[PDB]
Amino acid sequence: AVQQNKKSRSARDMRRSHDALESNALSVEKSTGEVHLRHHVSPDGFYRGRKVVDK
Amino acid sequence: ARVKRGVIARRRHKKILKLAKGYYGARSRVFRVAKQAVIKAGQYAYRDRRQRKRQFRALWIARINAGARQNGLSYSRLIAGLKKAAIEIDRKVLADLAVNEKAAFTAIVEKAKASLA
Amino acid sequence: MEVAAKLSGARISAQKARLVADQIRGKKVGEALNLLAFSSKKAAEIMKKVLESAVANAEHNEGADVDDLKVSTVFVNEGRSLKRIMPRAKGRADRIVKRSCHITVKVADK
Amino acid sequence: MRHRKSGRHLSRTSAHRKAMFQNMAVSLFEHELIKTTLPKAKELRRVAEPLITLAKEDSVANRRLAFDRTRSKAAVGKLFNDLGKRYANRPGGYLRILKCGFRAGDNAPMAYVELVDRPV
RNA sequence: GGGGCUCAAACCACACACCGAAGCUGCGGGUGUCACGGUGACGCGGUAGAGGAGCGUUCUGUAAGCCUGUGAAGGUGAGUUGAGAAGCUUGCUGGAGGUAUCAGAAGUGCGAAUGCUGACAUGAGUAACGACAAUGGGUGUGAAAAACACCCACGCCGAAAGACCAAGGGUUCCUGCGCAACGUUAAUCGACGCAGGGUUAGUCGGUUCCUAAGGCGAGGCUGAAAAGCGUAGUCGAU
RNA sequence: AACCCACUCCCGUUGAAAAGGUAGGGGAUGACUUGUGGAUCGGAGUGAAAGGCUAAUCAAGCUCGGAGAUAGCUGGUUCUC
RNA sequence: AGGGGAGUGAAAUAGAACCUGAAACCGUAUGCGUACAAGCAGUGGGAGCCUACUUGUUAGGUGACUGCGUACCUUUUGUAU
Ligand SMILES: [Mg+2]
Ligand SMILES: [Mg+2]
Ligand SMILES: [Mg+2]
Ligand SMILES: [Mg+2]
Ligand SMILES: [Mg+2]
Ligand SMILES: [Mg+2]
Ligand SMILES: [Mg+2]
Ligand SMILES: [Mg+2]
Ligand SMILES: [Mg+2]
Ligand SMILES: [Mg+2]
Ligand SMILES: [Mg+2]
Ligand SMILES: [Mg+2]
Ligand SMILES: [Mg+2]
Ligand SMILES: [Mg+2]
Ligand SMILES: [Mg+2]
Ligand SMILES: [Mg+2]
Ligand SMILES: [Mg+2]
Ligand SMILES: [Mg+2]
Ligand SMILES: [Mg+2]
Ligand SMILES: [Mg+2]
Ligand SMILES: [Mg+2]
Ligand SMILES: [Mg+2]
Ligand SMILES: [Mg+2]
Ligand SMILES: [Mg+2]
Ligand SMILES: [Mg+2]
Ligand SMILES: [Mg+2]
Ligand SMILES: [Mg+2]
Ligand SMILES: [Mg+2]
Ligand SMILES: [Mg+2]
Ligand SMILES: [Mg+2]
Ligand SMILES: [Mg+2]
Ligand SMILES: [Mg+2]
Ligand SMILES: [Mg+2]
Ligand SMILES: [Mg+2]
Ligand SMILES: [Mg+2]
Ligand SMILES: [Mg+2]
Ligand SMILES: [Mg+2]
Ligand SMILES: [Mg+2]
Ligand SMILES: [Mg+2]
Ligand SMILES: [Mg+2]
Ligand SMILES: [Mg+2]
Ligand SMILES: [Mg+2]
Ligand SMILES: [Mg+2]
Ligand SMILES: [Mg+2]
Ligand SMILES: [Mg+2]
Ligand SMILES: [Mg+2]
Ligand SMILES: [Mg+2]
Ligand SMILES: [Mg+2]
Ligand SMILES: [Mg+2]
Ligand SMILES: [Mg+2]
Ligand SMILES: [Mg+2]
Ligand SMILES: [Mg+2]
Ligand SMILES: [Mg+2]
Ligand SMILES: [Mg+2]
Ligand SMILES: [Mg+2]
Ligand SMILES: [Mg+2]
Ligand SMILES: [Mg+2]
Ligand SMILES: [Mg+2]
Ligand SMILES: [Mg+2]
Ligand SMILES: [Mg+2]
Ligand SMILES: [Mg+2]
Ligand SMILES: [Mg+2]
Ligand SMILES: [Mg+2]
Ligand SMILES: [Mg+2]
Ligand SMILES: [Mg+2]
Ligand SMILES: [Mg+2]
Ligand SMILES: [Mg+2]
Ligand SMILES: [Mg+2]
Ligand SMILES: [Mg+2]
Ligand SMILES: [Mg+2]
Ligand SMILES: [Mg+2]
Ligand SMILES: [Mg+2]
Ligand SMILES: [Mg+2]
Ligand SMILES: [Mg+2]
Ligand SMILES: [Mg+2]
Ligand SMILES: [Mg+2]
Ligand SMILES: [Mg+2]
Ligand SMILES: [Mg+2]
Ligand SMILES: [Mg+2]
Ligand SMILES: [Mg+2]
Ligand SMILES: [Mg+2]
Ligand SMILES: [Mg+2]
Ligand SMILES: [Mg+2]
Ligand SMILES: [Mg+2]
Ligand SMILES: [Mg+2]
Ligand SMILES: [Mg+2]
Ligand SMILES: [Mg+2]
Ligand SMILES: [Mg+2]
Ligand SMILES: [Mg+2]
Ligand SMILES: [Mg+2]
Ligand SMILES: [Mg+2]
Ligand SMILES: [Mg+2]
Ligand SMILES: [Mg+2]
Ligand SMILES: [Mg+2]
Ligand SMILES: [Mg+2]
Ligand SMILES: [Mg+2]
Ligand SMILES: [Mg+2]
Ligand SMILES: [Mg+2]
């Protein structure tokens, strides 16, 4: 099936009112000061104040 | 002599689209829909120049009716008395006195009652 | 102040790229960069290079400081589109449009 | 429904699923630290942890059972000789899983599986 | 038509008042016909259709004129003027041409023709991403790696999904340098871009020798003309 | 079995495909299948005959001309008073 | 790739997809309206708010509430159909 009348500008923009994106949970590593995702290893290799992967 | 239509066609569309300002959707930005809206808006404007005279007279009557009954008289008995005495003030001025110059409206009403009508 | 930076012919659609652009409008430059560094969207990687260079333009050309700045203006315009052909069933052909956009970021101490 | 049901299909057949977790466990006992998807990392601890418990008692019966489950001669040698002796007094929980981010290619959540007391 | 209506807000007679149209009157304007020498009177819904009067566009004369870099046409706002098509004056853009008045000629006015050509919407960030043999780690390079290379381990074909001739194609083959577009994703990779290189025969396949079906065919026989058939002959591989 | 064919079901119908696929199915030393080259064609050819086939076109191919055929039939026909 | 300066030029919003650069279409910014309200989306009436200035018998923007109101073309005896 297909539309009988084309949708308007307002009709299609009302449908997109639920398309806004969310923001993640970012924490600051207390020892150094790097910003990482919450509950994730730092981009440097730190988690909860400990080297874990040494790059 | 070949004639090109580009320049006079553009001025003719722009006259219609300028009258369609403030309309909704395609009625103010595409010519085909805007032309019909401008024609229809001119039919209503012609017709509502007549209704405007009807709607205001009905408003004046409804307000003289309210003002006459505060003085103890209906609208139809007031008009009969006013024609009977001599008075020929408009309905537009009678409705204005009913709201603002209430002490002048009272004198006119008791003049109409004194005409035994 | 109001230093700008533009990226023309960004190889991504404007509707896709405008979802990211709404996240950083009016925010400070310091925190708008974190929000883009931890985003899964592809537009957030393209728009992170435009913002990072709009800050650099405010440094070399206007002697500003990163702390004072904030994203005063950001918008996404359309661009040229490439037109291709996609073969469908029963000998039919469809037209594919590959869309692009222009990304513009302005920073200002004001 | 799937009330009180255990396991993950992971869009693989049972033979594929069983064969993939052998490779991961065999690689883990050799490198001590691997990077995989988070859903796969959580299904691996139900395979690689019962193998370390089995190696705490060394006997012909146990090594044959371990080789039937990890068909790798080096992994049977690594167990019974390095692990199981290192973890001789650990009441379970021999591996640690840490979220690390998302892949560039498809945005899949990744993880780090490692052994708890690595020599590093 | 609804609310609601019972000495009615129903019905039957009588009476007085009011509401009520673009009808009639009052006031101010415009027009058609007729009459008189600006007044007077009667009119002024309208399809097919008949009759009358005009606006605007392109070119030619008026014009070796007039306007114009102290800013032409064109574009975009505002103000104003007519009963209308329309005219006029100015702000900004533009950067070199325009044409008063009165005449003459027309490729002379678009919303429709499942009209023609370009551009762009809605569906919609929706279906789909092409066999359901199958992938997991480590390392390297790199701006960046699920997909590139190497290693360890898994799977699949194996009278094929391996190898080789003929047809067909035509540089797709190898190396260095690249990633815009092409590859239904990314790409550092490629049958992609640029530049260089690469194919060696007495015996292999052709050509050369011989003919089949068939073709052409000196003379010839036939046929308005083009031409048809065919002898000697010479082409034609499977 | 290879090879040639197309009886049934389901899927697919904007298809992987302008006629396929997976499961079963018929013939399989012959009135068989197939490669290469050659012959017959538009009121003409060919046809174990279905008005079937003659380049995804067939109760008379395609292409260019007569040609802007003809259309008592549909559609459309552009500024103002 | 693309940009921010600096230079050339009378002029780079004349920058090589380069004179002018309209419309559909897509955005950012400001003013007002909009989440108890039913329909060709207008018009008659009309409050409040915002801006400008000659400070309210003015100009511009918006339009709460309310009376009336079923597009255009064609073909028809007749169409919101
Ligand atoms: Mg609909
Ligand atoms: Mg419709
Ligand atoms: Mg319909
Ligand atoms: Mg909007
Ligand atoms: Mg949405
Ligand atoms: Mg036009
Ligand atoms: Mg409006
Ligand atoms: Mg508009
Ligand atoms: Mg095809
Ligand atoms: Mg589209
Ligand atoms: Mg459970
Ligand atoms: Mg099996
Ligand atoms: Mg009674
Ligand atoms: Mg009247
Ligand atoms: Mg009248
Ligand atoms: Mg009069
Ligand atoms: Mg008339
Ligand atoms: Mg009349
Ligand atoms: Mg002239
Ligand atoms: Mg100027
Ligand atoms: Mg001209
Ligand atoms: Mg001008
Ligand atoms: Mg002007
Ligand atoms: Mg010149
Ligand atoms: Mg002239
Ligand atoms: Mg014409
Ligand atoms: Mg028209
Ligand atoms: Mg048109
Ligand atoms: Mg038409
Ligand atoms: Mg018309
Ligand atoms: Mg159509
Ligand atoms: Mg049309
Ligand atoms: Mg869309
Ligand atoms: Mg849908
Ligand atoms: Mg869905
Ligand atoms: Mg889907
Ligand atoms: Mg698939
Ligand atoms: Mg498919
Ligand atoms: Mg595939
Ligand atoms: Mg691998
Ligand atoms: Mg790797
Ligand atoms: Mg893959
Ligand atoms: Mg096998
Ligand atoms: Mg060849
Ligand atoms: Mg090539
Ligand atoms: Mg190659
Ligand atoms: Mg290379
Ligand atoms: Mg690609
Ligand atoms: Mg890239
Ligand atoms: Mg190449
Ligand atoms: Mg020979
Ligand atoms: Mg012969
Ligand atoms: Mg011959
Ligand atoms: Mg002869
Ligand atoms: Mg010969
Ligand atoms: Mg020969
Ligand atoms: Mg031969
Ligand atoms: Mg075959
Ligand atoms: Mg057959
Ligand atoms: Mg059949
Ligand atoms: Mg069948
Ligand atoms: Mg079946
Ligand atoms: Mg069979
Ligand atoms: Mg079959
Ligand atoms: Mg038999
Ligand atoms: Mg032949
Ligand atoms: Mg022939
Ligand atoms: Mg014929
Ligand atoms: Mg028959
Ligand atoms: Mg026949
Ligand atoms: Mg055919
Ligand atoms: Mg015929
Ligand atoms: Mg013919
Ligand atoms: Mg014709
Ligand atoms: Mg003829
Ligand atoms: Mg018509
Ligand atoms: Mg007109
Ligand atoms: Mg300009
Ligand atoms: Mg352009
Ligand atoms: Mg010039
Ligand atoms: Mg230009
Ligand atoms: Mg525009
Ligand atoms: Mg807004
Ligand atoms: Mg209520
Ligand atoms: Mg409300
Ligand atoms: Mg509604
Ligand atoms: Mg409604
Ligand atoms: Mg109103
Ligand atoms: Mg009004
Ligand atoms: Mg006002
Ligand atoms: Mg209203
Ligand atoms: Mg109504
Ligand atoms: Mg029609
Ligand atoms: Mg009919
Ligand atoms: Mg009928
Ligand atoms: Mg209707
Ligand atoms: Mg309708
Ligand atoms: Mg009707």
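Analysis parameters
- Residues numbered from 1 in each chain as written, not as in the entry; some residues may be left out.
- Chains lettered and ligands numbered in written order.
- Part of a larger assembly, values for the part shown.
- Heavy atoms only, no water.
- Residues with missing side-chain atoms left out of burial classes, pairs and counts.
- Helix = DSSP H or I, 4+ residues; strand = E, 2+ residues; numbered from the N terminus.
- Buried < 20%, exposed > 50% of the residue type's maximum accessible area, 1.4 Å probe, protein only.
- Contact = heavy atoms within 4.5 Å.
- Near = heavy atom within 4 Å.
- Polar contact = N/O pair within 3.5 Å; in protein donor to acceptor, adjacent residues only side chain to side chain.
- Buried area = accessible area lost by both parts, 1.4 Å probe.
- Salt bridge = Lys/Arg side-chain N within 4 Å of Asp/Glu carboxyl O.
- Nonpolar A, V, L, I, M, F, W, Y, C, P; charged D, E, K, R; others polar.
- Core = buried A, V, L, I, M, F, W, Y, C linked by side-chain atoms within 4.5 Å.
- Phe/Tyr/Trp six-rings, centres within 6.5 Å; stacked < 30°, edge-to-face > 60°.
- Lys NZ or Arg CZ within 6 Å of the ring centre and 35° of its normal.
- Pairing = 2+ DSSP bridges.
- Axes fitted to C-alpha atoms, helices over the stretch in contact; angles between N-to-C directions.

Method of determination, as annotated in the archive: cryo-EM, at 2.9 Å resolution.

A. A look at the environment of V109 of chain B. All names here are of chain B. Within the element layout of this structure, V109 appears in helix 5 (residues 102-114). Taking relative accessible area as the criterion, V109 reaches 1% and is therefore assigned buried. With 38 residues separating them along the chain, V109 and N71 place their C-alpha atoms 7.2 Å apart. Apart from residues lying up to four places away in sequence, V109 is in contact with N71, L73 and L78.

B. Representation of unusual backbone geometry. Residues and elements named next belong to chain C. Its identity as a non-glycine residue notwithstanding, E2 has a phi of 55 degrees, on the positive side. Locating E2 in the fold gives a position in the segment before strand 1 (3-10). Judged by its relative accessible area of 38%, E2 falls in the partly exposed class.

C. Looking closely at the protein's contact with RNA strand G. Among the 29 residues in the neighbourhood of RNA strand G, the closest are listed as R12 of chain A, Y44, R47 and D48 of chain B together with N61 of chain C. Those atoms of RNA strand G that come within 4 Å of the protein belong to sugar or phosphate at a rate of 73%. Residue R12 of chain A places a side-chain N or O atom 2.4 Å away from a phosphate oxygen belonging to RNA strand G. Between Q51 of chain B and RNA strand G, the recorded distance is 3.4 Å, taken from a side-chain N or O atom to a sugar or linking oxygen. Those elements that provide at least two residues to the surface near RNA strand G are helix 1 (9-15) of chain A, helix 2 (31-70) of chain B together with strand 1, helix 3 (43-60) and strand 2 (70-78) of chain C. Here the surface near RNA strand G takes ten residues from helix 2 of chain B, the largest share from any one element.

D. Representation of the interface of chain C and chain A within the structure. If you look at the interface, chain C gives seven residues, while chain A gives ten residues. Approximately 730 Å² of surface area, both sides summed, lies buried where chain C meets chain A, with 67% of it carried by carbon and sulfur atoms. Looking at the side of chain C facing chain A, the largest losses of area belong to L19, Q23 and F38 of chain C, adding up to 65% of the total buried there. The interface formed by chain C and chain A contains zero salt bridges. Linking chain C with chain A are one residue pair in polar contact, by the criterion used here. Its residues assigned to classes, the side of chain C that touches chain A comprises three nonpolar, three polar and one charged.

E. Just the nonpolar core, in detail. All names here are of chain C. With 28 residues, the main nonpolar core has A17, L51, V76, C101, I103, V105 and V107 as its most contacted residues. Put simply, the parts of the chain that give this core at least two residues each are strand 1, helix 1 (14-21), helix 2 (29-37), helix 3, strand 2 and strand 5 (101-108). Among the elements that take part in this core, helix 3 stands out by supplying eight residues, more than any other. Setting aside residues up to four positions removed in sequence, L51 forms contacts with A32, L33, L36, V71, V105 and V107.

F. Region of the structure containing the packing of aromatic side chains. Evaluated as defined, the whole model comprises two aromatic pairs over all chains. With a centroid separation of 5.3 Å and an interplanar angle of 40 degrees, the aromatic rings of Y87 of chain D and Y94 of chain D are classed as tilted. Residue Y87 of chain D is classed as buried on the basis of its relative accessible area of 1%. Lying across the ring of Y46 of chain B, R50 of chain B places its NZ or CZ 4.1 Å from the centre. When the ring centre of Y87 of chain D is taken as origin, the NZ or CZ atom of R86 of chain D, which lies over that ring, is 5.4 Å away.

G. Examining the sheet that holds strand 5 of chain C more closely. Residue and element names in this part refer to chain C. If you trace the three strands from one edge of the open sheet to the other, you get 1-5-2, paired in antiparallel fashion. The sheet is open, and its two edges are formed by strand 1 and strand 2, each paired on a single side. The average angle at which neighbouring strand axes cross in this sheet is 10 degrees, direction not considered. In the sheet, strand 2 pairs with strand 5 via eight bridges, with the strands oriented antiparallel. By the bridge assignment, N77 is partnered in strand 5 with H102.

H. Here's a closer look at the arrangement of the chains. Counting contacts across all four pairs of chains found in contact, the highest total belongs to chains A and D. For chain B and chain C, which are not in contact, the least C-alpha distance works out to 21 Å. A gap remains between chain B and chain D, which never touch, and the nearest two C-alpha atoms on either side lie 41 Å apart.

I. Structural view of the sheet that holds strand 1 (residues 33-37) of chain D. Residue and element names in this part refer to chain D. Taken together, three strands build an open sheet; the order of strands is 1-3-2 and the sheet is antiparallel. Every other strand in the sheet has two partners, leaving strand 1 and strand 2 (95-102) as the edge strands with one partner each. Direction aside, neighbouring strands of the sheet carry axes that sit 25 degrees apart on average. Sheet topology note: the strand 2/strand 3 (residues 109-115) ladder contains seven bridges and is antiparallel. Within the sheet, the bridge partner assigned to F102 lies in strand 3 and is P109.

J. The arrangement of the side chain of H40 of chain A in detail. The topology assignment puts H40 of chain A in the segment after strand 2 (35-37). For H40 of chain A, the side chain forms a polar contact with the main-chain nitrogen of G101 of chain D, separated by 3.5 Å. Non-local contacts of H40 of chain A, meaning those with residues more than four positions away in its chain, are made with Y47 of chain A together with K99, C100, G101 and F102 of chain D.

K. Representation of the protein's contact with RNA strand F. All names here are of chain C. Residues in contact with RNA strand F, as listed here, are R88, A89, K90 and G91. A distance of 2.9 Å is found between a phosphate oxygen of RNA strand F and a backbone nitrogen or oxygen belonging to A89. Separating a phosphate oxygen of RNA strand F from a backbone N or O atom of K90 is a distance of 2.9 Å. Here the surface near RNA strand F is built from residues that sort into one nonpolar, one polar and two charged.

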